[PDB]
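Below is one structure, written out as C-alpha cells; the observations come after it.
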Amino acid sequence: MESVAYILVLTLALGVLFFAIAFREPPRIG
Amino acid sequence: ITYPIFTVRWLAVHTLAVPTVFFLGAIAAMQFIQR
Amino acid sequence: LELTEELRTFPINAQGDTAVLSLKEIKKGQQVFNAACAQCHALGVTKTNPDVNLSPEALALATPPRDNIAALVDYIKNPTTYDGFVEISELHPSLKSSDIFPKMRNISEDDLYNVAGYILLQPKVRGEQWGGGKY
Amino acid sequence: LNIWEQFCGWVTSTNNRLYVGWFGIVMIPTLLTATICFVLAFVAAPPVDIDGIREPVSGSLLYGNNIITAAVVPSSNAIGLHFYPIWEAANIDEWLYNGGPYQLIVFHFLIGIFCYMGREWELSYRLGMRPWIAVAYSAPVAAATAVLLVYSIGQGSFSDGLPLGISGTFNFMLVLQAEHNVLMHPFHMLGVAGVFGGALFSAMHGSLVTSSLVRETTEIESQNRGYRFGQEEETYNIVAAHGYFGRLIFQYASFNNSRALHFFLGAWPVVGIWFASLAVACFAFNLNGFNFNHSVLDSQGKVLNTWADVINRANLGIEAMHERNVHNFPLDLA
Amino acid sequence: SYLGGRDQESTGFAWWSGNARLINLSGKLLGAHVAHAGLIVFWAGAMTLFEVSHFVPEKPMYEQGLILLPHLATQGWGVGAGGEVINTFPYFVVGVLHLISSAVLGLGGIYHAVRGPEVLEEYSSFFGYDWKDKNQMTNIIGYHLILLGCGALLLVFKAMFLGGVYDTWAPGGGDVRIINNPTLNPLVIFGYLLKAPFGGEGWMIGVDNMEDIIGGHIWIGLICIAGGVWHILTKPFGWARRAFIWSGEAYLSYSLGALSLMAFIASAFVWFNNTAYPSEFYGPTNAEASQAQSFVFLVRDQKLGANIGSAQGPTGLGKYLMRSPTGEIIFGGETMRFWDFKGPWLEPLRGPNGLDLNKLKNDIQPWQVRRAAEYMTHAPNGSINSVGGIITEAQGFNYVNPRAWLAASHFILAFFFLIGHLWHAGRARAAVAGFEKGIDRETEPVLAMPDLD
Amino acid sequence: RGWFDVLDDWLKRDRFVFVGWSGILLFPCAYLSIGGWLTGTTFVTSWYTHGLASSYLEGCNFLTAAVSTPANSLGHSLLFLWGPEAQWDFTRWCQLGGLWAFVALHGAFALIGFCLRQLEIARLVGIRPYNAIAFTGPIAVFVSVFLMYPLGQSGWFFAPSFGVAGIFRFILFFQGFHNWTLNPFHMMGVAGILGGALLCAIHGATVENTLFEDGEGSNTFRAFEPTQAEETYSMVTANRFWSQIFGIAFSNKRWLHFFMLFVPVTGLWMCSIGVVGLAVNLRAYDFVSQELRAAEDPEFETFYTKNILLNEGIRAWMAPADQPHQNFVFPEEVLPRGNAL
Amino acid sequence: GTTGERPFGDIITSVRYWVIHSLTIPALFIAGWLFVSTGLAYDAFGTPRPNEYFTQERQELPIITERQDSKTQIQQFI
Ligand code: CLA
Ligand code: CLA
Ligand code: CLA
Ligand code: CLA
Ligand code: CLA
Ligand SMILES: CC1=C(\C=C/C(C)=C/C=C/C(C)=C/C=C/C=C(C)/C=C/C=C(C)/C=C/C2=C(C)CCCC2(C)C)C(C)(C)CCC1
Ligand code: OEX
Ligand SMILES: [Ca+2]
Ligand SMILES: [Cl-]
Ligand SMILES: [Cl-]
Ligand SMILES: [Fe+2]
C-alpha cells in the first residue's frame, strides 16, 4: 500500500522547513 | 595617429554584414512579388 | 497549376452553359467574401446552422440546385431553405432585406456575380476544406 | 509606554525571527488559513466536479491518486464567478462537492501574496536599504494574479485557472494552448527569452565570480571557507572577470562596472516574465496569439502546409478532445 | 552660485531618469504637462479623424475596429434607432475641435519649457508651490476638483437637456431618449459601492437601467464640487500631516495607485457591462455571445419541431434549458457561468422566475434571433493581428471585437501603473529618510540592532 | 623562435575580437550554421521532405519559417553534399534535406569550438574556468536533443526542425507522443530554469538595494572605480533583510554565486538525461497504477486520466499532417472527437 | 584601454567611410533585389515556384519514398 508513503515523505520534508528557520546557526562578523 | 585600414576585424565585421544587406535586399524583393 | 482559364470554367446558368472568368474579379470577389460573406462562411461551414456547408456535395442537393451562379446570385437575391418552400429573408442577408441587414447596401449584381464565382472555385482547388474542415 | 504603542512598536520592530509588521498583520492570518486548507484539500477533500455537469473529479491522496496526480481540483462551472464561501453553502458536503476549498486557497492566497509584496518593501524601509525589491517581487506575484484570478475572471467561471497540483498544472496549460493558443504570442515569446536569458545570466554571473575568486586557502580544504562573513574586501577582483568575458566576446560587450551588471541581472528576467504574465492577462480577454494557418497558398488557391497548421493540427486535436462532455454547441467561445 | 542647468553633474541625474531635473523646477514642469496634455488631445482628435474616413456607416460600428466612435455614440451624436448611424458630421467636428485644441495646447508646452521662466514659484505669489507648503498644495487639488465636477455635470446637461444619451433598454431595440428622472436616492447608488465584487451582484460593473448612470454624475458632480471648495478653504488635518508623506514625487506617487485602481475597473466596464458600453456599438461581451450561441440553436430546434425542455443533453443535463444553482431557469451547456446575463434582448424572455417557457415558445420574433445570431459570429475571440473566431478555424473574416481589443490594452497599462506606483513609493519613502542613494559607510543601521539568535 | 611558436604568438595577440588557437575550429564552423541557418530560413525549403512550406520564399513570416529536416524514408545518413545521396548537387541536396543536416552537424562541431575557446582564454589570463563547466549545461542539451534523440528513434525527420515554430512542433510532438511533461527528469529542469531565473532576479535586486552612495550625486550607477577593493554591496544588511523576510539567508557571499552556477546547470543535465530515455522512448507516460480502475471503474475520476486522453487528441489529429511519409489518411470518424466541437 | 586599431566612432565620422558607402550599401542591396526578381533563387536554390507546386499529373503531396536514390525520385516528380 501507498497512501501513507506520500504523507510520510511530505511531512518529513516539511519538518526540515521548520528546523532550518529556527535552528539556523548565527552568522558572526569578522 | 597612424591606424591601419584592414585588420582581422575588418574581415570579422564584413563577414555577417556583406551577407546581411545582400540578404536584406533579398527579403525585400521576395516581399514585393505575389502568387 | 498556374490557375489557367479552363479550370476556372463552371456553369454560370441553369443546366446548359458556362462562362470564362478573368483574374481580377475573383480577387475582389475574394475581397467581398472576406467582408460580407465572411462571419458565417469561413472555410465554407455555416456557423449558425451547422450542416448547411458550402461543399458541392451539399450545394447540389438543395433544390433547385445551387451550382449555377445565376441561380446563386438569385439565392442571395432571394434566400430560401433547401426546398424553396419559405423565404428566410428574416434571418439572412439579402438585397430583398437591405433595410434589415444594412451591410447589403454597398453592393451590386456584378459584385455578387464574382463572389458566386468565387465560392465554388474554392472546392475546385481543395477537397477537404469547403467541407467538414477536418477530413 | 502607551498600551497601543507597546503593540505599535512590537510589531514594527526589527528584532524578531520574522517581520510581523503591518503588511504581515494581513498576511500572517490570511496566508496561514490557506496553508492549513491546502494540506487538508491535498489529502482528504471529496471530489468537486470541475466540468460543471455531475462528474466529481478526484484529486486527493486518500482517493487513490499520486502526489503528481493530486490537486486542489478547482471550483465548479455552475457557480461561475459567484462568491461561494463556507457559509452560503447549506452544508459542508454541499461545499466540498461543489467547488468549496478551491476559493478558500485563492482569495486567501492572493491576499497573502500581495501583503508579502508589501512586507518586502517594509523591512527595506525599516533598515537602511533603498526600497526597490517590492518592484522586483512584482514579477512572480503577477503570475499569481493571472492564472489564479485575472484569467479566471475574463474567461468566465472560476473553473478554468488552476495551477493547484502538479498534473492539474499540466492539464491547465494544454487546454490554454487548445482553447486560445499560448505559443505563437509575442508577449509569451518575449517572456520566455527573459527566463532563458535569466537562466543563462544566473549561470553566467555566478560562474564569473566563482571563476575570478582570489586565493586565500590551500587545495585540501574548501575554497568557500577562508574569508569571514561581513568583511569589506571583495573576494574576487572585478577587473579580472571583466577582461575575460571581454576577451571572450569583445571588449565593450562586458560591463566594466559591477553595479551596472547587477541592474541587468535584475532587469532581463524581471521585465521578461511580466510580459509573459501580461500574456495571460491579455489571454484573459481572448486576445490570442496569431494564426498563420492557411496563410501561404498557391496561385491556384490550394492551401500550403506550414509549421503553423501542423501546430494547429495538434492544437485542434486538444480542442476537440478537452472537456469531453460539456459542449452541446459547435463553438467553444464560453 | 548654482544655476548649472541640465547636465549630468549639477543635479546628479543622468540622461535617463529624464525628468528629475524638473522635480524642483516649477516652471518647466508646467511645460512638461501642457506639452503632454497637448499630446493626449492630439491623439484624441486624430484617432477619430482617422476613424472617420476609415468609417463605413452601413457596416456596423464594431466591425471596422474602432474604439472612439463607440464612445461618441453612447452620448448620442446622431444615432437614429436600434444602433443605426444617421449622421457622421457630429463625429467629424468633435475631433477637429480636438485637433485645433492641441495646437494652442502645444504652444504652452513649448513656451513654458523653453522660453518661459525656470522658477515657476518665484512670481506673483500664485503658482510657486513648495511641495511642502501643504496649504498651497491642497489648493491645486481644489482648483481641479471644482473643474472635475463641472465636467461631471457636463454629462447630465447633455443627457437631460441636449437631445439625450443613448439607452439600450429602450423599447424597439435601442434609442437616444432624454432622461427625465435620474435617481438621487442614495440607498441604491451608494448602495452599489457596498455590494459584492463577484458574480451575480457585480459591485460597480452591473449598473443597468441607464438613469442610474445619470444619477451617478449628479452625485459625483455634487461631491467633487463640495470636495473642491473644501480644499480651497482649509488645510490638511493633524493626522493627515503625519500619515501621508509630503513631497514632490510621492506627492505624485499616490496618482499611480488610485489610477492603476481606475483602469482596473475600466478594464471591467469594457468587459462585463452592457449598459455603459452598448453592444450595438462596441460589440458583445463574453457573457453575451455565449448566451447567444445557445439561443440561436434553441430557436432553430424550436422551429425544427422539438420539445425544448424534454431534451436531455449529451450528459444527463438539459441541452437547452437547465436550471442554475439558485433556481432561475438558464441556458444550458457551458453557459452556466454567464447565467447572470442581462442584455437588452432576452429581457423580453425573462419571466418571474427567469427564462419562462410559456414565452420561450410563441414569443420569439424575427428581430430577436438575428441580433443573437450576429453576436454569436462576433464573439470576443481574436488573434494578435486581426483574425476572429476560434484559432482552429481558418482565417476568413477579420474581427477583433473592440470590447476585447480594448480591455487588454488598459490591463497592460493598469498593471504597469501599479508597478511604477510601487516603484515611486520606494523613492518616496527614501526621499524624506535620506537613503535614496544607499546606506552609509560609517553609520550602518544594522549594526546598532542586536543578534537574531 | 621555431615554426609553431610564431603561430602561437599570432593567435594569442590582443586583437579586438580574440581569434584563438582553438578558434580555427570555431570561426569556420560558427559562421556556417549561423549563416547556414540563415539561408535555410530564407531560400531553401521543405515540401519535398514532408510536404510543408517553410521558407521566406514561399512566404511564411518567420514565426513558421524553418530549415526543417530530411525525410523519414531517408534514414540516419548524414546527408553529405558529396555523399551517396548528395551526388554532388546543390539542388537537390537542400531540397531533400541537407542544411539541417549541414547546419546541425556544423553547429554541433562548433559548440565544441566555443567551449574549447573559453577554456583557452581562461589559461591566458589564468582565471580557473567554470564557464566551460557551466557550458556543460548548454552542450548537453544540444547533443541529446538535436543529436542523440533522433539516433535512438528513426532517422532525422523526427529530430527538431530549426526555427521558432519548428521547435514548437517538436514541443507538441513531445506532449502527445511521449508525455514529456510529468516524467521526473524534465521536471527537475523546470526547477533548474525557473529556479535559475529567480536566483539571478533576486541577486540582481539586492546589490541594487544595498549600496554605499559614496558620490554626492543621485544616480546610483556612478562612483564605482573598477580598481576598487572595498565591496559595493553590504551583505550584512542583506543577510539581515533575508533572515527576517524569507527566514533563510545566504550567510556568506561566496556560494551565493556558486549556487547561481549550480541551479540551472544541473537543471539542464537532469533535463538532458530525460530525452535520452525518450530517444529509445522509455517515456513513463503510463502509471502502473491508476489505469486498471480507469478501465474497470468509471467512478474513478482524476486529472491524469483526463490528461492522458488529451494526448490521444494529439496522436490521431496531427500525425496524418505531421508525417506524410506513411500516407496515414483518416476517414474522419476514426479521429477522437469529444463532442459537438 | 586601447586595442591598436581605429575606434568605430572615429571610423564613421570620416568622409572616406561614406564615399565608400554611398555606392556600396545600395549596391549590395540591389544585388539582393535582383536575386529574386530575376528568379535566380527559384533555380539555384530548390524552391518551387508558386504556380508549379502541383502539376496536372500530380496532386498527392510529394514525399521521398525510397532512401537509396532520392535524387532520382526528385527528378521524377518535376
Ligand atoms: C504617470 C506616469 C509617470 C510619471 C509622470 C513618472 C515620472 C517620472 N518617472 Mg516614472 N514610471 C511610471 C510612471 C510615471 N513616472 C511607471 C508606471 C513606471 C513603470 C513602468 C515608471 C518607471 C520609471 C523608471 C523605470 C524610473 C522612473 C523615473 C521617473 C522620473 C524621471 C523620468 C525619466 O527620466 O524618464 C525616463 C524615460 C525613459 C528612459 C524612456 C524610456 C521609454 C520606454 C522604454 C518606452 C516603453 C515602451 C513604449 C510603450 C514605446 C513602444 C513603442 C512601440 C512601437 C514598440 C519622473 C519623476 C525614474 C526616477 O526614479 O527618477 C526620479 C526611474 O529611474 N519611471
Ligand atoms: C511626454 C514626453 C516628454 C515631455 C513633454 C518632455 C518635456 C521636457 N523634458 Mg523630457 N524626456 C522625455 C519625454 C518628455 N520630456 C523622455 C522620454 C526622455 C528620455 C530620453 C526625456 C529626457 C529628458 C532629459 C534628460 C531632460 C528633459 C528635459 C525636459 C524639459 C525641457 C526641455 C529642454 O530644455 O530642451 C529644449 C529642447 C529643444 C529646444 C529642442 C527642440 C525640440 C522641440 C521644442 C520639440 C517640439 C517641436 C514640436 C514638434 C513643434 C510643435 C508644433 C507647435 C505648433 C506646437 C521639458 C519640459 C530637460 C530638463 O529637465 O530641462 C531642464 C532635461 O534635462 N527630458
Ligand atoms: C495647465 C495650464 C497652464 C497653467 C497653469 C499656466 C500658468 C501660467 N501661465 Mg500659461 N499658457 C498655457 C497653459 C498654462 N499656463 C497655454 C496652453 C498657453 C498657450 C496659449 C499659455 C501661454 C502663456 C503665456 C503667453 C503667458 C502665460 C503665463 C502664465 C503665468 C501667469 C498667469 C497669468 O497672469 O495669466 C493671466 C490670466 C488671465 C488674463 C486669464 C485668462 C484665462 C483664459 C484665457 C480664459 C479661458 C479659461 C478657460 C475657459 C478655462 C477652462 C479651459 C477649458 C477650455 C479646458 C502662469 C504661471 C505668462 C507668463 O509665463 O509670465 C510671463 C505669459 O505671459 N501663459
Ligand atoms: C480625487 C480627489 C481627491 C483627492 C486627491 C483628495 C485628497 C485628500 N483629501 Mg479629500 N475629498 C474629496 C476628493 C479628494 N480628496 C472629495 C470629493 C470630498 C468630499 C466628500 C473630500 C473630502 C475630504 C475631507 C472631508 C477630508 C479630505 C482629506 C483629504 C486628504 C487626505 C485623504 C485621506 O487621508 O483619506 C484617505 C482615507 C482613509 C485613510 C480611510 C480609509 C478609506 C477606506 C475605508 C479604505 C478602503 C478603500 C477601498 C480599497 C476601496 C473601496 C471603496 C469603498 C467601498 C470604501 C487629501 C489631501 C482629509 C484632510 O486632510 O482634510 C482636509 C479629510 O479629512 N477630503
Ligand atoms: C469616480 C467616479 C466615476 C465613475 C464610477 C464613472 C463611471 C462612468 N462614467 Mg464618468 N465621470 C466621472 C467620474 C466617474 N465616472 C467624472 C469625475 C467625470 C468628469 C471628468 C466623468 C465624466 C464622464 C463622461 C463625460 C462620461 C462618463 C461615462 C462613464 C461611464 C463609462 C466610462 C467608464 O468606464 O468609467 C470608468 C470609471 C472610472 C475609471 C472611475 C473609477 C474610480 C473609482 C470608482 C474610485 C477611485 C477613487 C480614487 C482612487 C481617488 C481616491 C479618493 C481619495 C480622496 C482617497 C461609467 C458609468 C461615459 C458614459 O458612457 O456615460 C454615458 C460618458 O459619456 N463620465
Ligand atoms: C454616478 C456614478 C456612480 C455612483 C457613485 C460614485 C461617484 C461613487 C464614488 C464613490 C467614492 C467616493 C469612492 C471612494 C473610494 C475611496 C477610495 C478608493 C480611497 C482609497 C484610499 C486608500 C485605500 C488608502 C488608504 C490608506 C491606507 C491604506 C494607508 C495610508 C493611510 C490611508 C488612510 C491613506 C456609479 C458608481 C454607481 C456608476 C456610475 C457613476
Ligand atoms: O472549458 Mn475549460 O476551457 Ca479554456 O476554452 Mn473556453 O472554456 Mn473551455 O474553452 Mn476552449
Ligand atoms: Ca455592401
Ligand atoms: Cl478535459
Ligand atoms: Cl455547448
Ligand atoms: Fe553581488
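Following the order of the C-alpha cells, first chain is A, next is B, and so on, with residues numbered from 1 inside each chain and ligands from 1 in the order they appear.
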
Exercise for review: Could you please extract the residues within 9 Å of ligand 1, counting only C-alpha atoms and all ligand atoms, and hand them back as JSON, numbers by chain?
Suggested key: {"E": [13, 14, 15, 16, 17, 18, 19, 20, 21, 22, 23, 33, 248, 249, 252, 253, 255, 256, 259, 260, 413, 414, 415, 416, 417, 418, 419, 420, 421, 422, 423, 424, 426, 427], "F": [219]}

Practice item. Report as a ChimeraX atom specification which protein, DNA and RNA residues come within 7 Å of ligand 8, using only C-alpha atoms and all ligand atoms. Key: /C:103-107

Review point. Residues of chain F within 9 Å of chain E, using only C-alpha atoms, as a PyMOL selection string?
Key: chain F and resi 208-220+234+236-237+240+243+339

Any chance you could export the current selection's N, CA and C atoms as a PDB file, in the first residue's frame?
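New file again28.pdb:
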```
ATOM      1  N   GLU F 208      21.369  46.034  -5.982  1.00  0.00           N
ATOM      2  CA  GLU F 208      20.817  47.356  -6.193  1.00  0.00           C
ATOM      3  C   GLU F 208      19.920  47.813  -5.057  1.00  0.00           C
ATOM      4  N   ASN F 209      19.858  47.071  -3.956  1.00  0.00           N
ATOM      5  CA  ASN F 209      19.161  47.553  -2.782  1.00  0.00           C
ATOM      6  C   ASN F 209      20.071  47.914  -1.625  1.00  0.00           C
ATOM      7  N   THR F 210      21.294  47.396  -1.587  1.00  0.00           N
ATOM      8  CA  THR F 210      22.255  47.737  -0.542  1.00  0.00           C
ATOM      9  C   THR F 210      23.448  48.392  -1.226  1.00  0.00           C
ATOM     10  N   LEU F 211      23.512  49.722  -1.221  1.00  0.00           N
ATOM     11  CA  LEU F 211      24.606  50.435  -1.870  1.00  0.00           C
ATOM     12  C   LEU F 211      25.200  51.443  -0.900  1.00  0.00           C
ATOM     13  N   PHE F 212      26.409  51.903  -1.188  1.00  0.00           N
ATOM     14  CA  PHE F 212      27.091  52.812  -0.279  1.00  0.00           C
ATOM     15  C   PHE F 212      26.911  54.293  -0.567  1.00  0.00           C
ATOM     16  N   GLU F 213      26.613  54.625  -1.820  1.00  0.00           N
ATOM     17  CA  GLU F 213      26.430  56.010  -2.248  1.00  0.00           C
ATOM     18  C   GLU F 213      27.608  56.878  -1.809  1.00  0.00           C
ATOM     19  N   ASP F 214      28.793  56.558  -2.319  1.00  0.00           N
ATOM     20  CA  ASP F 214      29.998  57.306  -1.985  1.00  0.00           C
ATOM     21  C   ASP F 214      29.977  58.674  -2.641  1.00  0.00           C
ATOM     22  N   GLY F 215      29.355  58.750  -3.810  1.00  0.00           N
ATOM     23  CA  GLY F 215      29.265  60.001  -4.533  1.00  0.00           C
ATOM     24  C   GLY F 215      28.256  60.939  -3.907  1.00  0.00           C
ATOM     25  N   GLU F 216      28.351  62.215  -4.260  1.00  0.00           N
ATOM     26  CA  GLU F 216      27.439  63.223  -3.735  1.00  0.00           C
ATOM     27  C   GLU F 216      26.254  63.435  -4.673  1.00  0.00           C
ATOM     28  N   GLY F 217      26.209  62.651  -5.745  1.00  0.00           N
ATOM     29  CA  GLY F 217      25.147  62.747  -6.726  1.00  0.00           C
ATOM     30  C   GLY F 217      23.894  61.971  -6.382  1.00  0.00           C
ATOM     31  N   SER F 218      23.111  61.670  -7.411  1.00  0.00           N
ATOM     32  CA  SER F 218      21.854  60.953  -7.257  1.00  0.00           C
ATOM     33  C   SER F 218      21.886  59.594  -7.941  1.00  0.00           C
ATOM     34  N   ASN F 219      22.384  59.559  -9.170  1.00  0.00           N
ATOM     35  CA  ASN F 219      22.470  58.313  -9.916  1.00  0.00           C
ATOM     36  C   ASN F 219      23.272  57.301  -9.119  1.00  0.00           C
ATOM     37  N   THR F 220      22.763  56.080  -9.012  1.00  0.00           N
ATOM     38  CA  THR F 220      23.449  55.044  -8.253  1.00  0.00           C
ATOM     39  C   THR F 220      24.499  54.288  -9.069  1.00  0.00           C
ATOM     40  N   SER F 234      26.329  45.460   0.659  1.00  0.00           N
ATOM     41  CA  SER F 234      26.550  45.392   2.098  1.00  0.00           C
ATOM     42  C   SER F 234      26.934  43.997   2.555  1.00  0.00           C
ATOM     43  N   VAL F 236      25.706  42.559   5.019  1.00  0.00           N
ATOM     44  CA  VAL F 236      25.355  42.484   6.427  1.00  0.00           C
ATOM     45  C   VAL F 236      23.932  42.984   6.567  1.00  0.00           C
ATOM     46  N   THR F 237      23.562  43.976   5.762  1.00  0.00           N
ATOM     47  CA  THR F 237      22.169  44.389   5.757  1.00  0.00           C
ATOM     48  C   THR F 237      21.343  43.452   4.899  1.00  0.00           C
ATOM     49  N   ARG F 240      20.609  40.473   7.003  1.00  0.00           N
ATOM     50  CA  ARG F 240      19.593  40.899   7.953  1.00  0.00           C
ATOM     51  C   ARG F 240      18.244  41.089   7.286  1.00  0.00           C
ATOM     52  N   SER F 243      17.078  37.164   6.470  1.00  0.00           N
ATOM     53  CA  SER F 243      16.808  36.316   7.621  1.00  0.00           C
ATOM     54  C   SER F 243      15.456  36.619   8.239  1.00  0.00           C
ATOM     55  N   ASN F 339     -17.076  15.866 -28.450  1.00  0.00           N
ATOM     56  CA  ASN F 339     -18.494  16.205 -28.501  1.00  0.00           C
ATOM     57  C   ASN F 339     -18.737  17.044 -29.751  1.00  0.00           C
TER      58      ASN F 339
END
```

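With only C-alpha atoms and all ligand atoms as the atoms that count, the residue of D:240, D:192, D:115, D:73 with the shortest distance to ligand 6 is D:115.
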
Practice item. Throw together the list of residues within 6 Å of ligand 3, counting only C-alpha atoms and all ligand atoms, and drop it here as a PyMOL selection string. Key: chain E and resi 34+104-105+107-108+116+127

Exercise for review: For residue 120 of chain D, please output as a ChimeraX atom specification all residues within 8 Å (counting only C-alpha atoms; exclusion window: fewer than 3 positions along the same chain).
Suggested key: /D:116-117,123-124,133-134 /F:245

Take the residues just selected and output them with N, CA and C atoms as a PDB file, in the first residue's frame.
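Final output, part38.pdb:
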```pdb
ATOM      1  N   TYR D 116       2.823  40.019   1.248  1.00  0.00           N
ATOM      2  CA  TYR D 116       4.247  39.703   1.209  1.00  0.00           C
ATOM      3  C   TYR D 116       4.997  40.719   0.363  1.00  0.00           C
ATOM      4  N   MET D 117       4.376  41.160  -0.732  1.00  0.00           N
ATOM      5  CA  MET D 117       4.965  42.153  -1.621  1.00  0.00           C
ATOM      6  C   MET D 117       5.024  43.521  -0.960  1.00  0.00           C
ATOM      7  N   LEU D 123      10.461  46.097   5.374  1.00  0.00           N
ATOM      8  CA  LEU D 123      11.731  45.996   6.061  1.00  0.00           C
ATOM      9  C   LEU D 123      12.809  46.799   5.384  1.00  0.00           C
ATOM     10  N   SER D 124      12.687  47.012   4.078  1.00  0.00           N
ATOM     11  CA  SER D 124      13.695  47.794   3.394  1.00  0.00           C
ATOM     12  C   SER D 124      13.565  49.270   3.707  1.00  0.00           C
ATOM     13  N   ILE D 133      12.775  46.360  -3.948  1.00  0.00           N
ATOM     14  CA  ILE D 133      12.642  44.913  -4.019  1.00  0.00           C
ATOM     15  C   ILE D 133      11.189  44.479  -4.023  1.00  0.00           C
ATOM     16  N   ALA D 134      10.262  45.373  -3.685  1.00  0.00           N
ATOM     17  CA  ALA D 134       8.858  45.094  -3.927  1.00  0.00           C
ATOM     18  C   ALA D 134       8.549  45.124  -5.413  1.00  0.00           C
TER      19      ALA D 134
ATOM     20  N   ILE F 245      12.607  38.208   6.285  1.00  0.00           N
ATOM     21  CA  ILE F 245      11.501  38.081   5.342  1.00  0.00           C
ATOM     22  C   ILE F 245      11.285  36.628   4.961  1.00  0.00           C
TER      23      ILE F 245
END
```

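For chain C, the residues close to chain F, meaning within 12 Å and counting only C-alpha atoms, are residues 47, 50, 128, 131, 132, 133, 134 and 135 of chain C.
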
Practice item. List all protein, DNA and RNA residues that have any atom at most 10 Å from ligand 9, counting only C-alpha atoms and all ligand atoms, and write the list as a ChimeraX atom specification. Key: /D:50-51,171-172,174-175,318-326 /F:303,305-310,338

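Based on only C-alpha atoms and all ligand atoms, the protein and nucleic acid residues found within 10 Å of ligand 10 are, by chain and then by number, residues 325, 326, 327, 328, 329, 330, 331, 332, 333 and 334 of chain D; 290, 291, 293, 294, 313, 319, 320, 331, 332, 333, 334 and 335 of chain E; 339, 340 and 341 of chain F.
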
Output as an mmCIF file with C-alpha atoms, in the first residue's frame all residues of segment 39-288 of chain D that backbone DSSP marks as strand (DSSP E or B).
```cif
data_model
loop_
_atom_site.group_PDB
_atom_site.id
_atom_site.type_symbol
_atom_site.label_atom_id
_atom_site.label_comp_id
_atom_site.auth_asym_id
_atom_site.auth_seq_id
_atom_site.Cartn_x
_atom_site.Cartn_y
_atom_site.Cartn_z
ATOM 1 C CA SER D 58 -10.883 13.369 -7.516
ATOM 2 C CA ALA D 71 -4.711 18.616 -6.869
ATOM 3 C CA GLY D 165 -1.440 20.476 -8.003
ATOM 4 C CA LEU D 213 37.958 34.353 -6.983
ATOM 5 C CA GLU D 233 37.258 43.400 0.964
ATOM 6 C CA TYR D 236 37.043 38.358 -6.367
ATOM 7 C CA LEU D 287 -6.793 38.213 -27.310
#
```

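With atom CA of residue 119 of chain E on one side and atom 5 (C, counted along the ligand's line) of ligand 2 on the other, the separation reads 17.5 Å.
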
Practice item. Tell me which protein, DNA and RNA residues are within 10 Å of segment 116-124 of chain F, counting only C-alpha atoms, leaving out same-chain ones fewer than 5 positions away, and put them as a PyMOL selection string. Key: (chain D and resi 211-212+243-245+247-249) or (chain F and resi 12+18-26+110-111+129-133+135)

Output file for the selection above: C-alpha atoms, as a PDB file, in the first residue's frame:
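What ended up in again.pdb:
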```
ATOM      1  CA  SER D 211      35.960  31.849 -11.700  1.00  0.00           C
ATOM      2  CA  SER D 212      37.767  35.060 -10.734  1.00  0.00           C
ATOM      3  CA  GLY D 243      38.704  41.199 -19.220  1.00  0.00           C
ATOM      4  CA  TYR D 244      37.940  37.514 -19.526  1.00  0.00           C
ATOM      5  CA  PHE D 245      34.309  37.755 -20.592  1.00  0.00           C
ATOM      6  CA  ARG D 247      38.214  38.606 -24.146  1.00  0.00           C
ATOM      7  CA  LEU D 248      35.514  36.027 -24.959  1.00  0.00           C
ATOM      8  CA  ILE D 249      33.068  38.216 -26.896  1.00  0.00           C
TER       9      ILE D 249
ATOM     10  CA  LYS F  12      47.136  34.952 -28.854  1.00  0.00           C
ATOM     11  CA  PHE F  18      40.182  37.352 -29.955  1.00  0.00           C
ATOM     12  CA  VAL F  19      40.744  34.793 -32.676  1.00  0.00           C
ATOM     13  CA  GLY F  20      42.024  31.956 -30.502  1.00  0.00           C
ATOM     14  CA  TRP F  21      44.218  28.992 -31.354  1.00  0.00           C
ATOM     15  CA  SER F  22      41.107  26.916 -30.669  1.00  0.00           C
ATOM     16  CA  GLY F  23      39.147  29.379 -32.789  1.00  0.00           C
ATOM     17  CA  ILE F  24      40.090  27.811 -36.115  1.00  0.00           C
ATOM     18  CA  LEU F  25      37.581  25.100 -35.304  1.00  0.00           C
ATOM     19  CA  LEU F  26      35.077  27.705 -34.093  1.00  0.00           C
ATOM     20  CA  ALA F 110      31.344  24.370 -33.083  1.00  0.00           C
ATOM     21  CA  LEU F 111      29.779  24.281 -29.643  1.00  0.00           C
ATOM     22  CA  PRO F 129      37.310  28.232 -15.508  1.00  0.00           C
ATOM     23  CA  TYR F 130      33.783  27.456 -14.528  1.00  0.00           C
ATOM     24  CA  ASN F 131      32.157  28.875 -17.664  1.00  0.00           C
ATOM     25  CA  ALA F 132      33.254  25.746 -19.508  1.00  0.00           C
ATOM     26  CA  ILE F 133      31.854  23.795 -16.582  1.00  0.00           C
ATOM     27  CA  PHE F 135      28.652  25.358 -20.618  1.00  0.00           C
TER      28      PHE F 135
END
```

Do you have, as a tab-separated table, the list of residues of chain E lying at most 6 Å from ligand 4, each with its nearest atom pair and that distance in Å to one decimal, counting only C-alpha atoms and all ligand atoms and ordered by chain then number?
```
residue	atom	partner	partner_atom_place_in_ligand_line	distance
E:193	CA	ligand 4	54 (C)	5.2
E:194	CA	ligand 4	54 (C)	5.8
E:223	CA	ligand 4	17 (C)	4.9
E:224	CA	ligand 4	17 (C)	3.9
E:226	CA	ligand 4	19 (C)	5.6
E:227	CA	ligand 4	18 (C)	3.6
E:235	CA	ligand 4	62 (C)	5.6
E:236	CA	ligand 4	60 (O)	3.6
E:237	CA	ligand 4	60 (O)	4.7
E:240	CA	ligand 4	60 (O)	5.3
```

**Study point:** Pick from D:21, D:128, D:112, D:154 nearest to ligand 7, counting only C-alpha atoms and all ligand atoms
**Key:** D:154

Practice item. Would you kindly report the residues of chain G within 7 Å of chain F, using only C-alpha atoms, as a PyMOL selection string? Key: chain G and resi 3+41+44-47+61-71

Would you save the residues from that selection as a CSV table (one decimal), in the first residue's frame, using C-alpha atoms?
```csv
chain,number,residue,atom,x,y,z
G,3,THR,CA,43.5,47.9,-28.9
G,41,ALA,CA,16.6,31.7,-56.3
G,44,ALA,CA,19.7,27.8,-57.9
G,45,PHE,CA,18.1,27.1,-54.5
G,46,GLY,CA,15.5,24.4,-54.6
G,47,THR,CA,12.3,26.2,-54.1
G,61,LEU,CA,1.7,16.0,-51.7
G,62,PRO,CA,5.1,14.8,-52.8
G,63,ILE,CA,7.2,12.8,-50.4
G,64,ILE,CA,10.5,10.9,-50.7
G,65,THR,CA,9.7,7.2,-50.8
G,66,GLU,CA,13.0,5.4,-51.4
G,67,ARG,CA,16.2,6.1,-49.5
G,68,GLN,CA,18.9,5.0,-51.8
G,69,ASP,CA,18.2,7.2,-54.9
G,70,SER,CA,16.3,10.2,-53.6
G,71,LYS,CA,17.7,12.4,-56.4
```
